[PDB]
């Protein structure tokens, strides 16, 4: 059967696209190597931060705000839990974090609601945080935490109810693009459509070559740990925030304990360079997995440094400039690419689903996606 649209990779981006297409009666096939949500890609480990005031760049702010509204819409549409409004705390040494400074500029440029705090004020407001007096902070009360696996699961169920088809456990191996149609090849059969969306996560770094693209995309092994914590300090129930922070040796992101699961932490600016088909997905096989996390906790969040309850191993896919790629294929207007989310895309996946649907159906989008151009110089070595 010939589809209107085929999505290859039904993960964060692809499943959101599938939902957007299905809701409009577009006949859509999604193909995934596994059965999303799953633990082999970039979307597991339960939780993801969404921030609006954006330390990676003030220009992501409208897409973040649109995505936030889309997440509230999803919360209303499903029985799965989507979002909890933890707020997000950003801190770092005063005058020595570009990330903090840009987050502050973004909030002023877009009139976001934030609180500015420094030093002992941070430690006083949130028992359990111990920063030096020379640190400053910006706290965003209305952003928070997404349950990422639930997001994908909900978009899947909703899309499928509207007639989208999802072909699981099926790896796309090659492509054949014509001026007026697209074709995918798999071990389970070949499929055709009018339009293609390519959203294969870390595997974009191996298979975009089949579409005659040569773009630096490096996959990285990124672990997270959940730690037994003082629940009187670090529980969501006592308003402990989500956080993304810069310290002299890099950026860390974390989450309050939800229902006693433990504070969750990840070291964002370091990971191992890997291949997605040979990555070691067992937490704790390198001593850095646990040690890098406790190095942060014992300094800054000392009551959240108990027994390791749970670990996970996830992948980032970085571009050279760490900005996304969201665009048409330069040689094929019937092919849409979503790649290179550089460890910070999940929060936008709802909005990206909308962009991808518009690009597929119309070749354009109402969103400003200029900074994510596939033709930009900074993508290339």
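Numbering follows the first chain given and starts at 1.
Per the entry, where is the mean C-alpha temperature factor higher: 324-332 or 46-54? Mean C-alpha B-factor is greater for 324-332.
Stretch exceeding the other in mean C-alpha B-factor - 134-142, 184-192: The stretch with the larger average C-alpha B-factor is 184-192.
Please work out which residue in 287, 93, 241, 225 has the highest C-alpha B-factor recorded for this crystal structure. Comparing C-alpha B-factors across 287, 93, 241, 225, the top value belongs to 287.
From 211, 251, 198, 106, can you pick the one with the highest C-alpha B factor in the entry? Highest C-alpha B-factor among the listed options: 211.
When the deposited Cα B-factors of this chain's modelled residues are ordered and cut into thirds, is residue 203 in the lowest, the middle or the highest one? Ranked within chain, residue 203 CA B lands in the middle tercile.
Using only modelled residues of the chain, where does the Cα B factor of residue 371 rank: lowest third, middle third or highest third? As the PDB entry reports it, the C-alpha B-factor of residue 371 lands in the highest third of its chain.
Ranking every modelled residue in this chain by its Cα temperature factor as given in the entry, which third contains residue 361? Tercile = highest for this residue's CA B-factor.
Relative to the other modelled residues in the chain, which third contains the C-alpha temperature factor of residue 84: lowest, middle or highest? Its C-alpha B-factor, which the entry lists for residue 84, ranks in the lowest third among residues of this chain.
Taking only the Cα B-factors deposited for this chain, tell me whether residue 232 sits in the lowest, middle or highest third. Middle third of the chain for residue 232's C-alpha B-factor.
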